[PDB]
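Okay, so here's the structure we're looking at.
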Ligand SMILES: O=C1Cc2cc(Nc3ncncc3Cl)ccc2N1
Ligand SMILES: O=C1Cc2cc(Nc3ncncc3Cl)ccc2N1
Ligand SMILES: [Cl-]
Ligand SMILES: [Cl-]
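Residue numbers (the working numbering), protein chains in the order written: chain A, 5 to 8; chain B, 5 to 8; chain C, 42 to 165; chain D, 42 to 165.
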């Protein structure tokens, strides 16, 4: 999971 | 396009 | 093999599937949650959820145009997860995390259940 | 928004759609090429090709279970492009590049047309  |  | 690969292909496909959902094009099922209705594509639901995969591979249920979810399922939690299925983006917030995790457990969306568990553990 | 994003989601969705194609699950159309038949999902074909997008948004053709391609279309070129749609992998070779580019132009798959043009230009 990432900060888009 | 890339070499997978 | 000796294939070449287009890096953005999978993302472009999903973006187009979401555009078809927005315009209600070729949607073939209605998901009913606590009298809230959500139109979607059976194949996208199956590709994202162990529950929908099991439902639409069943010889009788594969032919249903309406699926009713368990009354304990929250429509907002479902809406957030349906958006995630079509975009890869999860709108996870302090105010919805419990409903989102409960819905993801029911839908069998293991990666979502995982990030909810981790976000809850960080707040304790 | 304040969304989080699962990097591998789009690729995982496409991998699952290809697994459904392999097992012939919820395929809703047959594409006929020079008496060679290919089963697929209308939504994936629309998400990948400007031609299929135009065909399946047409009020009469959206309801067809069989689509016949132009007799000049090569079945092998089509097969390679159908595989690309479901995998992001293109099996481009000296022996098939002309048929693949001609099929991609007809199907309106601009990124494939682009890499074929570049690979042909490198060999001249
Ligand atoms: O967490 C999850 C996400 C998910 C998706 C599916 N889908 C499929 N699996 C295998 N072949 C085809 C399909 Cl469509 C099954 C189980 C789970 N569990
Ligand atoms: O090269 C290409 C690839 C491609 C895909 C599509 N598909 C869609 N476009 C917009 N909204 C939904 C969909 Cl399904 C249309 C044109 C082209 N041209
Ligand atoms: Cl997931
Ligand atoms: Cl393309």
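Where a beta carbon is used, it is the ideal one built from N, C-alpha and C, also for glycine.
Query, Result
"Any C-beta of chain C under 8 Å from that of residue 148(D)", "no"
"Heavy atom of ligand 1 within 7 Å of residue 118(C) beta-carbon", "no"
"Cβ pair count under 8 Å reaching 3, the region 63-72 of chain D against the region 46-65 of chain C", "no"
"Distance cut-off 7 Å: residue 57(C) Cβ against heavy atoms of ligand 2", "yes"
"Straight-line gap, residue 163(C) to residue 106(D) (C-alpha atoms, nearest Å)", "51 Å"
"Partners in chain B for residue 47(C), counting only beta-carbon separations shorter than 7 Å", "5"
"Inter-stretch contact (C-beta, 8 Å, three-pair minimum) for the region 139-153 of chain D and the region 109-123 of chain D", "yes"
"Within 8 Å, strictly: CB atoms of residue 5(B) and residue 156(D)", "yes"
"Proximity of residue 73(C) and residue 126(C) at Cβ, strictly below 8 Å", "no"
"Short Cβ contact (8 Å threshold) for residue 120(C) with residue 160(C)", "no"
"Selected residue, minimal CA-CA separation from residue 103(D), among 70(D), 90(D), 47(D) and 143(D)", "70(D)"
"For residue 108(D), three-class secondary structure by DSSP", "strand"
"Continuous alpha helix (DSSP H) stretch holding residue 154(D): start and end", "151-164"
"Chain-ordered chain D contacts of residue 42(C) [CB-CB under 7 Å]", "132"
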